[PDB]
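A.B. asks: Supplied in structure tokens, the structure appears directly below.
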Amino acid sequence: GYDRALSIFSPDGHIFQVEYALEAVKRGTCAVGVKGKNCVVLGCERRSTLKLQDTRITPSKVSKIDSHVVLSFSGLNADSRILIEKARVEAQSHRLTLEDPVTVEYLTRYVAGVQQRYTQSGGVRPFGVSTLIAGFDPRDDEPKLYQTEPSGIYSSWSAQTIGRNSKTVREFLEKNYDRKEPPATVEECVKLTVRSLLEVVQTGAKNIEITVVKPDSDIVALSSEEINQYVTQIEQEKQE
Amino acid sequence: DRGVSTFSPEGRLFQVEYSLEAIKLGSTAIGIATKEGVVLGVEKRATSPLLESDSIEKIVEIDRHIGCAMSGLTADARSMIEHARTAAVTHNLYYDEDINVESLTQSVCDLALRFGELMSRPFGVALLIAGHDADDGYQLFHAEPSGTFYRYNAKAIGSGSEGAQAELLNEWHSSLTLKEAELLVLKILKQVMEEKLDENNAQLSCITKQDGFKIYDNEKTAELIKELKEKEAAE
Amino acid sequence: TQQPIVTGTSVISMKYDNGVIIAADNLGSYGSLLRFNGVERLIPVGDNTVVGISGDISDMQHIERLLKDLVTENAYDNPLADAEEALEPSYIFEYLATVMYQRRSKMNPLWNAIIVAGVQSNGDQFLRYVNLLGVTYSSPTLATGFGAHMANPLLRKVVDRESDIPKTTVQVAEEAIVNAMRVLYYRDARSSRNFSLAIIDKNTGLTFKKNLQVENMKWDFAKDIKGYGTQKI
Amino acid sequence: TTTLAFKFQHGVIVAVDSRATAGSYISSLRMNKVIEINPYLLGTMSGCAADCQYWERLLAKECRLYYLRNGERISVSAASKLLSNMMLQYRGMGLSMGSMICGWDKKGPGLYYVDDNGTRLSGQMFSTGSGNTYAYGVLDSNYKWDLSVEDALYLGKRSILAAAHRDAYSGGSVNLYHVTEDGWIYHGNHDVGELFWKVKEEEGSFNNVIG
Amino acid sequence: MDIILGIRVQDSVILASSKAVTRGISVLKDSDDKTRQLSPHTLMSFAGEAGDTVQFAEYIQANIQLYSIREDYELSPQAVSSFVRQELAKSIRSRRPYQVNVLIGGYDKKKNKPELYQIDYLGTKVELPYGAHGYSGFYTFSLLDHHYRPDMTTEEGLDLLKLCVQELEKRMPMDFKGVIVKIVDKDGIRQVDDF
Amino acid sequence: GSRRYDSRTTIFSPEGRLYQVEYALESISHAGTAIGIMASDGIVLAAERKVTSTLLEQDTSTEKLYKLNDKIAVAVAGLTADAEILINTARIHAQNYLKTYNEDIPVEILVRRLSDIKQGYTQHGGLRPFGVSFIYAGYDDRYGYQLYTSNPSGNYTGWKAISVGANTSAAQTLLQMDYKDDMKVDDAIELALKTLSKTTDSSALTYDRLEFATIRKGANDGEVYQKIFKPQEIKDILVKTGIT
Amino acid sequence: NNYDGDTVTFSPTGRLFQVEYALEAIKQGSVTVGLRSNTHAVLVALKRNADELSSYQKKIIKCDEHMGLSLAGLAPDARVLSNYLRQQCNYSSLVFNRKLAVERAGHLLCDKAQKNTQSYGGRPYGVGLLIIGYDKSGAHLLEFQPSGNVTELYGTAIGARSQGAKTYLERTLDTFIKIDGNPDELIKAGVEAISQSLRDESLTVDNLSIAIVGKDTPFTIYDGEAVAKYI
Amino acid sequence: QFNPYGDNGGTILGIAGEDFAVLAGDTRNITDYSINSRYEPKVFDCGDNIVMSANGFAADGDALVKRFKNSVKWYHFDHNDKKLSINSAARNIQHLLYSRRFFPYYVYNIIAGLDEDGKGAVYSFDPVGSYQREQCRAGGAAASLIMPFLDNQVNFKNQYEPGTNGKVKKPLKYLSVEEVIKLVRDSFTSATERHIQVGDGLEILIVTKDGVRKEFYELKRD
Ligand SMILES: *[C@@](C)(CO)[C@](*)(O)[C@H](Cc1ccccc1)NC(=O)[C@H](Cc1ccc(OC)cc1)NC(=O)[C@H](C)NC(=O)CN1CCOCC1
Ligand SMILES: [Mg+2]
């Protein structure tokens, strides 16, 4: 078998293949995660260089791993399918051997472990993907939002963004998101998520996708018109 | 290119030496061993204020009598910890007893040089393994990716290590109490950290014979920080 | 799992004051057929050990080759092969015992019963048994098959316990072994008159005697025996 | 063997005998048929002693690893399932094990029956071993959810006594346990010889026996 | 385990499964649910060798739930039954076959039709208006042959099912401790708590 | 040892791109243009054969359009040999699905499977990727008529109208201009041929330089028919639309 | 230069640079001394610490009741090789009821190290070993190099500044070989030998490590206050 | 058909004192009606103040002892010459036996020594690895003959105090090493009389804090 060590240390103590995988994430479309008091919202950029697209059948950016957990990403699209598939298999495997669904923290830890394994295994390259994993643990009303990256490190975030121009939207979130008082309702949480994407997106038309996840496996994706109403209200307040 | 298990003209493994450079970039971790227990403390170093700092888990339980702190590429440490925990519990299954701290450390270090063309590269993380057993008492070990481990009375690893190690050189003596050690770790962490030390960006832990391995609450650490500030202002 | 085809019967042995004696007949039976009359079942290893084998002859020939190969292998990179690092009876036995037990554990045994007789470096007598099951034991007298039932009782009259060994001379021990071989020829239906005998002494070394015969046999009383009860003529 | 275990208002009772046989020969008068897996988890043993000890002690390893990985105690449901999955690997190979996994977790008190076939059953009351039929008789007629800790301990103790008397392959002594939300509590070793005579006099039962 | 019945009526599928579990000469449980929900509109009941039944059922359940998540779509009862049959037909020539018989009751939301599939441990699949495994059919099929109509209501299906259980309780030597009944229709799966 | 000669086909550039995927895409850009257009009542597949000869046997030839099953077809752009390896795998997957579930495979599931195979060659194994881009035209009862594309990266996307191969930039602009949602198959046929006629590097677009196919519910009642156009039938539709 | 990228490449002068670089790792290692008489064999090792808070890295490893070694270079490689020796010593005992000859132990180490020098992908061992033992032919001392070369000697030393101790033993050859039936005097000669390799630092209680094996003496290691007698 | 198992007879006995422990066994080795050896040692000093005897099929018994002795050696290597406690040895042996759950070591095993508090300890094993700490245990051919005698004369079972008539038990007073050895010798002398596989000799290994001591006694040779 092909055993060649592709991810190796350089004289300055860097693993370039892992760092170049982060550059693939930088190229990917922007993804954002914001957790409110009783919900989590996942926002995703859709680049409008591709029109004549069939939005019914085109792979959506946010993927359900189980009925109570979702996963969005930034980076190589093909790579993300492999992580999602593995995550979905592990979710059913956990339910089967332990009789409880996975915690969001556990699912994150697994996906991050898969990414890490691909940084010190022979013959393979790292995943060019960073993920945002969100949801609610079984019989728990506390929101969960985690981030992973090609190196395999993971952590919990009150709010986070990844992908292209993520530096700008993180700047926005850092000054706009208050920890002492997070978005109390779904509306406030979605509004803050759309606002953050409008710093980067371009047009607020079909370029913004929003997915709201509430406790007890209550997950819904907003439509174009519903999002467009947020886009309208934000700019009308801005004209002042 | 060149082999992964290649020797340099000086007689060192290139990859092992390069992994040591990655560990120098890691966040600071300090360990101090006393006759009343071993203290382990780390710099959390959150990359952003929105990152929930309590999810940063750089101090970890291996067994009830063994704890572990890490510095460097912390993702690499997960499989090491998993092996450590398995080794510790498996020995308890085979021998109906706690495993020696040295034997546990040796088992972890046996993974280190299992790389080639087994895993494709050495680990990019160093570990401070602290614990207690009946034979050799309170112990602190430093486990490197070279497969070597040294026992230490006190040790610092990470970006502020040589500055911290010089400080530990002067401060450590064989009659330190647990409380004195706690304040000493906090003092040296505060010295080498970029940001101002508080209960949210730094974490303490200890291992004692009675209570075993315990990670300190943020409320408990906050009091020890306030106790430190007052005793430094006392002269 | 197999069945033994061509077989060798009893191997008998005993300790005496300065060494050990071992003997076995020269027959290779094929069931009730006395097929092969020139089979050597005592196999010397160096000048300090003799291995006596009973049971399946094809498996015996296999063991004979392992031992021959063992000597070759021991001499490799060994300047003291004919001195301090020569093969000892205890080494040769433990090797065979390891092989026998491994083979039974794979359910494919060497269908044999083996007695290793020899003298160690320090002059101590060595005598130990091992069989197809990997079962091992030591005694002042040892015998396989029929020998265990008929020979041991006769040999144990000479050396009944450990303290009787220094009191037993080589002449007495050989006499007892030779008598036992005669008794086995009288009573074992798969035995032969011709046999081999080996003496391993700590002073006089290895003496290997071939083409021995059972002699001084009593048959004359047969002429008087008539019928099975009431018959007079 | 006779073993039993049942849930009630104040947790779960666990009572076992201590006899071990090798045919008609009583090989052991006092064998521990309960395993302490963790302060909140117990396991009973019936069938092949070696199989029971090995696999349940291996379950404890796996339950312990669960705590280290997740920083939290394993559920009774998950522990029982891990054990059942082990039995399922050695499917048809000839293992003989019948055990009840008793404990307290976030759902409250938990009790699962698990055997060599891989069967895994949740329930209020179980009894395993050669003398289970005798134990069930006493349990079914006297069991309530509203039992006091004192009366519940006696029921399990009395139920084992019933089996030890009639079943030739049950006896020796009675080991009692009581599982609470603060963990399990050992309630001693009780010799059946002494216990029988005591119960006979105090209760008035076993009238047909002379003493 | 012992008795599992199934009946497909006008607008639903009804599955009835015994509650008893026996080890040796003792009945360990009299409230056992011999069924698994594979999807919101698909239910599978099972009977066979101890242990194998639940493992197989749970293994199927996991596979169908995995499919549902991957495609964000519910497989038709027909598609699920074919998947199950293949797994059993694969199993029968294995080193150690899974000795499990199943009934699959599902409501096809596309066709707006209830569907009942009977599959034995060999992988023998048949779509039926009513079905059973083991000896259950010997006692019950004569009643079903007589009383069954395809335009029956769910309530009429339950009454006919009661008659089948009563006949089983009269003429079977074994005490199966009654049955748990579940209904599968357009609105999903629900359990009849009084039977 | 052998390391010396390893090109390392599965690595990132400093910019975070996969070298071999990018170079494979460069190869595909020289391949004959293939176009797919989805209408309300069917799908059109049109593709240009590369500089042919008069002595090529066209009626028995197939380099662009392939049948995966009765409901799904593909247009190829890139190395034909590479494409046939993948096509045969896709045909097998469709039959495996049919055997397992007793239902025809949904279009996206087949597309995802092939795209996942392509992805594997970019992440592990040390082999070169497949130098192929597909346009998938198919029908199932969930989403109806569907167009997809996949490329050597293993990434796939859904489309109303799309082109692969040469001059896709020009071709996509022309399709984006004239395409409308209420369009029908006969109109889509005309759009596809007109787009090829303007983007082609050849002097003129003729029947012998084209492969053409439609997927229509224009089959007697609720069912779907695949039509791989014969040389004479391509010649007729060229006259009908007014190109020759 | 161009021929030191891997172990599978000879240089134009017939040299194996990767092996030579592995040999260099031994020279960086701390000094250790080996010597023997006709009755006993002794190892003396200068242990090295990381700093004042750290412990002193152990240098001596036991392989059997009658055999053991001291290391200089990569300590993990010594663990791998000593583990192999333990197994081979043990295979000899279990199968042949025979204590493994020291000379044969050297031959086994040689052959194990050699395979790493001729194959692609692997690397040579980065450690030197001094094996002492007492077998049926008396006391023995071996020197192991990771090139594969194993040498039987009366006395030797390896590590940094080992040339000083080696010269001393070369002078003392006729004296220490005759030290029969006196373990303490043989150790003294070893401690005096290793002292010729010291600079700046001297032999302290947690610095010094000594091992001995002999006629009626199992392989035993002395550390801590057990070696204060010899300081 | 090949039968990989055999029966070499023999009988063993382990008794735990207050600060000592004994492990005794006869020295007779047999097959069917033949005597193989009148003196074939069966109880072994395994190091770390532990003694062990594997009774039943001698080939499996020798193999197990050999492997445990080896396990002790590697326990020293791997854990800095730490002493293997009797409870740790017992658990280790369980795993040695269960390695062959499906092709067992056909032996009943007993080990003896001192626990970590200095008190006497005996552990008992079945062929597949079930074990338990005990005060008194006989194993092998004549186990059924000896155990009832020990229940009576060591644990004072069915013995009550005169005058009370069954109301007050005989108090469980501790036994000395000299008293235990008397019960051991009488156990084997009685077993020799009524069991054909028991005889020839008796070898006892006594374990104290001072070490492991041996005692040998002749038995009837018929
Ligand atoms: C009662 C006493 C039924 O006899 C219990 O089920 C009891 C349960 C138990 C649990 C843990 C610890 C001790 C006792 N079971 C036994 O005592 C058990 C009975 C039994 C034997 C064999 C079986 O099939 C494999 C099933 C049940 N007895 C034993 O396990 C005895 C102590 N040991 C053996 O039988 C060992 N075998 C192994 C092969 O060699 C022959 C002896
Ligand atoms: Mg007798």
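Ordering of the structure tokens sets the chain letters (A, B, ...); residue numbers start at 1 within each chain; ligands are numbered from 1 in the order shown.
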With only C-alpha atoms and all ligand atoms counted, collect every polymer residue having an atom within 7 Å of ligand 2; state the result as JSON, numbers by chain.

C.D. replies: {"H": [192, 193, 194, 195, 196, 197, 198, 199, 220, 221, 222]}

A.B. asks: Which polymer residues have any atom within 8 Å of an atom of region 213-229 of chain F, counting only C-alpha atoms, with same-chain residues fewer than 4 positions away left out, as a ChimeraX atom specification?

C.D. replies: /F:41-46,65,70-71,137-139,185,233-234

A.B. asks: Print the selection's residues with N, CA, C and O atoms to a file, as a PDB file, in the first residue's frame.

C.D. replies:
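Here's the written file selection-v3.pdb:
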ATOM      1  N   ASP F  41     -40.405  19.477 -19.112  1.00  0.00           N
ATOM      2  CA  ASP F  41     -40.883  18.196 -19.651  1.00  0.00           C
ATOM      3  C   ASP F  41     -39.759  17.287 -20.179  1.00  0.00           C
ATOM      4  O   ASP F  41     -40.020  16.369 -20.960  1.00  0.00           O
ATOM      5  N   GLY F  42     -38.520  17.530 -19.748  1.00  0.00           N
ATOM      6  CA  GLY F  42     -37.388  16.678 -20.136  1.00  0.00           C
ATOM      7  C   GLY F  42     -36.015  17.322 -20.031  1.00  0.00           C
ATOM      8  O   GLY F  42     -35.885  18.475 -19.616  1.00  0.00           O
ATOM      9  N   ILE F  43     -34.988  16.560 -20.409  1.00  0.00           N
ATOM     10  CA  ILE F  43     -33.595  17.023 -20.374  1.00  0.00           C
ATOM     11  C   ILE F  43     -32.920  16.782 -21.721  1.00  0.00           C
ATOM     12  O   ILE F  43     -33.196  15.788 -22.392  1.00  0.00           O
ATOM     13  N   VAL F  44     -32.028  17.697 -22.098  1.00  0.00           N
ATOM     14  CA  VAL F  44     -31.246  17.579 -23.329  1.00  0.00           C
ATOM     15  C   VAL F  44     -29.765  17.413 -22.999  1.00  0.00           C
ATOM     16  O   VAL F  44     -29.241  18.095 -22.118  1.00  0.00           O
ATOM     17  N   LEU F  45     -29.103  16.507 -23.713  1.00  0.00           N
ATOM     18  CA  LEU F  45     -27.649  16.373 -23.661  1.00  0.00           C
ATOM     19  C   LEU F  45     -27.078  16.531 -25.066  1.00  0.00           C
ATOM     20  O   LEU F  45     -27.437  15.784 -25.975  1.00  0.00           O
ATOM     21  N   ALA F  46     -26.197  17.514 -25.228  1.00  0.00           N
ATOM     22  CA  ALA F  46     -25.536  17.778 -26.503  1.00  0.00           C
ATOM     23  C   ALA F  46     -24.031  17.834 -26.285  1.00  0.00           C
ATOM     24  O   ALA F  46     -23.567  18.389 -25.289  1.00  0.00           O
ATOM     25  N   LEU F  65     -21.554  10.466 -25.049  1.00  0.00           N
ATOM     26  CA  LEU F  65     -22.800  10.143 -24.349  1.00  0.00           C
ATOM     27  C   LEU F  65     -22.908   8.664 -24.000  1.00  0.00           C
ATOM     28  O   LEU F  65     -22.823   7.807 -24.879  1.00  0.00           O
ATOM     29  N   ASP F  70     -31.734   2.906 -17.411  1.00  0.00           N
ATOM     30  CA  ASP F  70     -32.851   3.368 -18.246  1.00  0.00           C
ATOM     31  C   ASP F  70     -33.283   4.806 -17.939  1.00  0.00           C
ATOM     32  O   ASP F  70     -33.898   5.459 -18.783  1.00  0.00           O
ATOM     33  N   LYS F  71     -32.955   5.291 -16.742  1.00  0.00           N
ATOM     34  CA  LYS F  71     -33.389   6.612 -16.278  1.00  0.00           C
ATOM     35  C   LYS F  71     -32.282   7.673 -16.264  1.00  0.00           C
ATOM     36  O   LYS F  71     -32.583   8.864 -16.227  1.00  0.00           O
ATOM     37  N   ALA F 137     -27.521  13.509 -16.632  1.00  0.00           N
ATOM     38  CA  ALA F 137     -28.928  13.781 -16.923  1.00  0.00           C
ATOM     39  C   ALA F 137     -29.742  12.577 -16.478  1.00  0.00           C
ATOM     40  O   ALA F 137     -29.483  11.459 -16.920  1.00  0.00           O
ATOM     41  N   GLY F 138     -30.719  12.800 -15.602  1.00  0.00           N
ATOM     42  CA  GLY F 138     -31.515  11.700 -15.066  1.00  0.00           C
ATOM     43  C   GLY F 138     -32.889  12.083 -14.554  1.00  0.00           C
ATOM     44  O   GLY F 138     -33.220  13.266 -14.442  1.00  0.00           O
ATOM     45  N   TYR F 139     -33.687  11.062 -14.247  1.00  0.00           N
ATOM     46  CA  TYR F 139     -35.023  11.244 -13.685  1.00  0.00           C
ATOM     47  C   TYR F 139     -35.306  10.236 -12.573  1.00  0.00           C
ATOM     48  O   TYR F 139     -34.977   9.055 -12.693  1.00  0.00           O
ATOM     49  N   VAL F 185     -38.614  21.111 -23.870  1.00  0.00           N
ATOM     50  CA  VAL F 185     -37.542  20.286 -24.438  1.00  0.00           C
ATOM     51  C   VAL F 185     -37.146  20.723 -25.845  1.00  0.00           C
ATOM     52  O   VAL F 185     -35.959  20.864 -26.142  1.00  0.00           O
ATOM     53  N   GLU F 233     -30.576  11.273 -37.489  1.00  0.00           N
ATOM     54  CA  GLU F 233     -31.503  12.028 -36.641  1.00  0.00           C
ATOM     55  C   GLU F 233     -30.891  13.347 -36.162  1.00  0.00           C
ATOM     56  O   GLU F 233     -31.603  14.339 -35.993  1.00  0.00           O
ATOM     57  N   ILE F 234     -29.577  13.349 -35.943  1.00  0.00           N
ATOM     58  CA  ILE F 234     -28.842  14.576 -35.619  1.00  0.00           C
ATOM     59  C   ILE F 234     -28.821  15.497 -36.841  1.00  0.00           C
ATOM     60  O   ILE F 234     -28.937  16.716 -36.714  1.00  0.00           O
TER      61      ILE F 234
END

A.B. asks: Check which residues fall inside 6 Å of ligand 1 when counting only C-alpha atoms and all ligand atoms, and print them as a PyMOL selection string.

C.D. replies: (chain D and resi 1+19-22+31+33+45-49+52+96+129-130+169-170) or (chain H and resi 126-128)

A.B. asks: Using N, CA, C and O atoms, can you write the selected residues to a file as a compact mmCIF listing (two decimals), in the first residue's frame?

C.D. replies:
# COMPACT_ATOMS: atom_id res chain seq x y z
N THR D 1 -26.70 -22.25 42.11
CA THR D 1 -27.21 -20.88 42.45
C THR D 1 -28.68 -20.51 42.51
O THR D 1 -29.49 -20.89 41.67
N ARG D 19 -23.28 -20.83 47.38
CA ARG D 19 -22.88 -22.20 47.12
C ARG D 19 -22.26 -22.34 45.73
O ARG D 19 -22.64 -21.63 44.80
N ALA D 20 -21.30 -23.25 45.61
CA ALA D 20 -20.69 -23.57 44.32
C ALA D 20 -20.54 -25.08 44.25
O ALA D 20 -20.03 -25.70 45.18
N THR D 21 -20.99 -25.67 43.15
CA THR D 21 -20.95 -27.12 42.99
C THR D 21 -20.11 -27.57 41.81
O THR D 21 -19.90 -26.84 40.84
N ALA D 22 -19.62 -28.80 41.94
CA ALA D 22 -18.92 -29.50 40.88
C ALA D 22 -19.55 -30.89 40.81
O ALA D 22 -19.03 -31.85 41.37
N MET D 31 -19.00 -18.57 48.25
CA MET D 31 -18.48 -17.91 47.05
C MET D 31 -19.20 -16.59 46.82
O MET D 31 -20.43 -16.53 46.88
N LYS D 33 -20.90 -14.03 44.80
CA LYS D 33 -21.62 -14.03 43.52
C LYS D 33 -22.09 -12.65 43.12
O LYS D 33 -22.85 -12.50 42.15
N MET D 45 -24.07 -13.11 39.64
CA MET D 45 -23.44 -14.19 38.88
C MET D 45 -24.20 -15.50 39.02
O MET D 45 -24.48 -15.95 40.13
N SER D 46 -24.53 -16.09 37.88
CA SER D 46 -25.12 -17.43 37.84
C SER D 46 -24.66 -18.12 36.56
O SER D 46 -24.56 -17.48 35.51
N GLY D 47 -24.37 -19.41 36.65
CA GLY D 47 -23.82 -20.17 35.53
C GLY D 47 -22.37 -20.51 35.78
O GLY D 47 -22.00 -20.82 36.92
N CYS D 48 -21.55 -20.46 34.74
CA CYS D 48 -20.12 -20.73 34.86
C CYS D 48 -19.44 -19.60 35.63
O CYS D 48 -19.47 -18.45 35.20
N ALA D 49 -18.85 -19.94 36.77
CA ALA D 49 -18.19 -18.97 37.65
C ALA D 49 -17.12 -18.18 36.91
O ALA D 49 -17.05 -16.95 37.03
N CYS D 52 -18.62 -15.70 34.45
CA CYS D 52 -19.22 -14.60 35.20
C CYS D 52 -18.15 -13.63 35.71
O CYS D 52 -18.28 -12.42 35.52
N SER D 96 -21.60 -19.79 29.60
CA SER D 96 -22.74 -19.94 30.49
C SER D 96 -22.70 -18.83 31.52
O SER D 96 -21.91 -18.87 32.47
N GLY D 129 -30.68 -18.65 38.21
CA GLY D 129 -30.06 -19.83 38.81
C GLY D 129 -31.03 -20.98 38.99
O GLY D 129 -32.23 -20.85 38.73
N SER D 130 -30.50 -22.11 39.46
CA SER D 130 -31.28 -23.34 39.64
C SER D 130 -32.45 -23.21 40.63
O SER D 130 -33.43 -23.94 40.52
N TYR D 169 -28.71 -27.45 44.96
CA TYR D 169 -27.57 -26.71 44.40
C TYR D 169 -27.58 -25.22 44.78
O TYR D 169 -26.93 -24.41 44.13
N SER D 170 -28.32 -24.88 45.83
CA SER D 170 -28.32 -23.53 46.39
C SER D 170 -28.16 -23.61 47.90
O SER D 170 -28.72 -24.49 48.54
N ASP H 126 -10.43 -22.70 39.46
CA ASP H 126 -10.94 -23.79 38.64
C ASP H 126 -10.18 -23.77 37.30
O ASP H 126 -9.42 -22.83 37.05
N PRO H 127 -10.38 -24.80 36.45
CA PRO H 127 -9.62 -24.89 35.20
C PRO H 127 -9.76 -23.71 34.23
O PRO H 127 -8.86 -23.46 33.43
N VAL H 128 -10.87 -22.98 34.32
CA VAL H 128 -11.15 -21.88 33.38
C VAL H 128 -10.96 -20.48 34.00
O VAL H 128 -11.22 -19.48 33.33

A.B. asks: Which residue is closest to residue 12 (chain B)? Choose from B:165, B:146, B:177, B:153 and count only C-alpha atoms.

C.D. replies: B:146

A.B. asks: What is the distance between CA of residue 55 (chain E) and CA of residue 55 (chain D), in Å to one decimal?

C.D. replies: 19.4 Å

A.B. asks: Would you list the contacts of region 123-125 of chain F as a list in words, taking every protein, DNA or RNA residue within 7 Å and counting only C-alpha atoms, but skipping same-chain residues closer than 4 positions in sequence?

C.D. replies: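 Returned residues: residues 2, 123, 124 and 125 of chain A; 10 and 119 of chain F.
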
A.B. asks: Would you list, as a count of residues only, the residues of region 15-234 of chain F that end up in alpha helix (DSSP H) under DSSP run on this structure's backbone?

C.D. replies: 79

A.B. asks: Near residue 48 (chain E), within 6 Å and counting only C-alpha atoms, which residues show up once chain neighbours fewer than 6 positions away are dropped, as a short mmCIF file (atom, residue, chain, number, x, y, z; two decimals) with C-alpha atoms, in the first residue's frame?

C.D. replies:
data_model
loop_
_atom_site.label_atom_id
_atom_site.label_comp_id
_atom_site.auth_asym_id
_atom_site.auth_seq_id
_atom_site.Cartn_x
_atom_site.Cartn_y
_atom_site.Cartn_z
CA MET E 1 -39.94 -15.68 20.88
CA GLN E 99 -32.54 -17.23 13.19
CA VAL E 100 -35.12 -14.43 13.01
CA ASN E 101 -38.55 -14.18 11.41
#

A.B. asks: Residue 153 (chain C): which residues within 12 Å, counting only C-alpha atoms, same-chain residues fewer than 5 positions away excluded, as JSON, numbers by chain?

C.D. replies: {"C": [12, 14, 140, 141, 142, 143, 146, 147, 148, 158, 159, 160, 176, 177, 179, 180, 183], "H": [34, 35, 36]}

A.B. asks: Once you count only C-alpha atoms, which residues of chain B turn out to be within 7 Å of chain A? Could you give them as a VMD selection string?

C.D. replies: chain B and resid 15 18 to 19 21 to 22 50 to 52 55 to 56 74 to 75 117 119 to 121

A.B. asks: Can you write just those residues out, C-alpha atoms, as a PDB file, in the first residue's frame?

C.D. replies:
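To be explicit, this is the file written out as part-v2.pdb:
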ATOM      1  CA  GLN B  15      11.794  14.754  12.766  1.00  0.00           C
ATOM      2  CA  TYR B  18      11.600  19.466  14.515  1.00  0.00           C
ATOM      3  CA  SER B  19       8.691  18.253  16.686  1.00  0.00           C
ATOM      4  CA  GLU B  21      10.256  23.203  17.823  1.00  0.00           C
ATOM      5  CA  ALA B  22       6.464  22.781  17.580  1.00  0.00           C
ATOM      6  CA  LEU B  50     -15.945  34.471  21.912  1.00  0.00           C
ATOM      7  CA  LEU B  51     -14.246  31.099  22.544  1.00  0.00           C
ATOM      8  CA  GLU B  52     -15.717  29.579  25.725  1.00  0.00           C
ATOM      9  CA  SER B  55     -13.896  24.014  26.906  1.00  0.00           C
ATOM     10  CA  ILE B  56     -10.082  24.307  26.666  1.00  0.00           C
ATOM     11  CA  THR B  74      -2.665  19.402  21.632  1.00  0.00           C
ATOM     12  CA  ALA B  75      -4.731  17.389  19.113  1.00  0.00           C
ATOM     13  CA  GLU B 117       7.317   4.538   6.325  1.00  0.00           C
ATOM     14  CA  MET B 119       2.061   6.504  12.334  1.00  0.00           C
ATOM     15  CA  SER B 120       3.724   8.777   9.742  1.00  0.00           C
ATOM     16  CA  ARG B 121       5.383  11.284  12.110  1.00  0.00           C
TER      17      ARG B 121
END
